[PDB]
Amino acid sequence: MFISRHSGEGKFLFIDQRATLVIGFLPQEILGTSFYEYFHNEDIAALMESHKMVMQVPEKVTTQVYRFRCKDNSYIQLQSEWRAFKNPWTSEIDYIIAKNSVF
């Protein structure tokens, strides 16, 4: 229900308008941070494996429904569709598009 874009490492590069109402973070506090900073302890291992497969195959990867820590340090449930785009000259990832559905 909100879109974010990340580096190959998971660092937030962009968040759209709709996210602050959901996760409570303003853009300037979340941009530059890794998305490993917000994953619930119960889900970070499974989400890292999804991040691995995203960096390896040029295909959509849908995560499990995971918990994302909001600004008040409570959690919300998200399911994200991830896809990385590699630069054809350096093989580096320009960004990973993240479509985050909220529950």
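Start at 1 with the first residue shown and count on from there.
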Do the CA atoms of 50-58 or those of 27-35 have the higher mean B-factor in the entry? 50-58
The stretch carrying the higher mean Cα B factor in the deposited entry, 12-20 or 77-85, is 12-20
Could you look up the Cα B-factor of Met1 in the entry and say which third of the chain it sits in: lowest, middle or highest? highest
B-factor third for the C-alpha atom of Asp72 within its chain: highest
